[PDB]
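Read the structure below first, then the notes.
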Amino acid sequence: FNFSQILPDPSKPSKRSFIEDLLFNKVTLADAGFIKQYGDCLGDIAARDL
Amino acid sequence: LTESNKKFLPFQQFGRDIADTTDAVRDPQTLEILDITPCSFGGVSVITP
Ligand SMILES: *[C@@H]1O[C@H](CO)[C@@H](O[C@@H]2O[C@H](CO)[C@@H](O[C@@H]3O[C@H](CO[C@H]4O[C@H](CO)[C@@H](O)[C@H](O)[C@@H]4O)[C@@H](O)[C@H](O[C@H]4O[C@H](CO)[C@@H](O)[C@H](O)[C@@H]4O)[C@@H]3O)[C@H](O)[C@H]2NC(C)=O)[C@H](O)[C@H]1NC(C)=O
Ligand SMILES: *[C@@H]1O[C@H](CO)[C@@H](O[C@@H]2O[C@H](CO)[C@@H](O)[C@H](O)[C@H]2NC(C)=O)[C@H](O)[C@H]1NC(C)=O
Ligand SMILES: *[C@@H]1O[C@H](CO)[C@@H](O)[C@H](O)[C@H]1NC(C)=O
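Quick note, the sequences are listed as chains B and A, same order. Numbering (the deposited numbering) for the first sequence: 800 to 849. Numbering (the deposited numbering) for the second sequence: 552 to 600.
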């Protein structure tokens, strides 16, 4: 039996498997602002962000 | 108030946001366009035993 596609891949920095990588790529999760803690959100940069 | 890259039309004075709040203004004395950002704020949590 071949479990190399669901066991974790050590080459990935997030230590996720191949199918988990596909599942994370298929969902376009927003940053939601906990990632965007930077103070250039206050400054007018890029475009208007929700 | 910061400098903005918005190109206001000559008949326009104020710029509005999605929530109908004023986001960009034009100074009356000098014709530069200013961008208004609310001051820095956030939540505070207290971690105690
Ligand atoms: C259990 O199952 C796994 C997965 O099927 C088997 O492991 C091998 O997995 C690779 C892909 O993961 C199979 O394909 C080979 O990939 C080589 C590497 O290139 C890919 O991978 C890198 C990342 O490592 C990517 O960045 C890159 O873009 C590629 O996607 C290729 O070099 C190979 O090409 C060779 O073979 C083809 C065959 O058509 C030739 O045409 C080429 O010229 C070249 O010689 C290949 O595509 C690989 O086939 C899998 N190995 C085997 C033996 O099938 C495990 O082996 C399996 N284990 C068990 C016990 O069944
Ligand atoms: C938030 O804080 C971090 C840490 O101080 C800032 O990261 C630094 O940014 C400056 C300029 O961008 C770099 O020269 C430093 O090397 C960075 N430090 C590290 C440890 O990476 C970050 O810039 C701050 N965020 C904002 C928007 O200013
Ligand atoms: C009044 O403002 C105008 C710009 O709209 C400027 O050219 C003029 O010099 C100002 N008046 C005085 C007395 O400085």
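Even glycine gets a Cβ: it sits at the ideal position worked out from N, Cα and C.
(message) DSSP three-state label for residue 554 (chain A), please.
(response) strand
(message) Which of the three DSSP states is assigned to residue 751 (chain B) in this structure?
(response) Residue 751 (chain B) lies beyond the range of chain B shown here (800 to 849); nothing can be said about it.
(message) Determine whether the beta carbon atoms of residue 805 (chain B) and residue 818 (chain B) lie at a separation below 8 angstroms.
(response) yes
(request) Compute the Euclidean distance between the alpha carbons of residue 832 (chain B) and residue 848 (chain B), then round it to the nearest angstrom. (result) 11 angstroms
(message) As a quick exercise: from A:567, A:571, A:583 and A:594, pick the residue whose alpha carbon is nearest that of residue 561 (chain A).
(response) A:583
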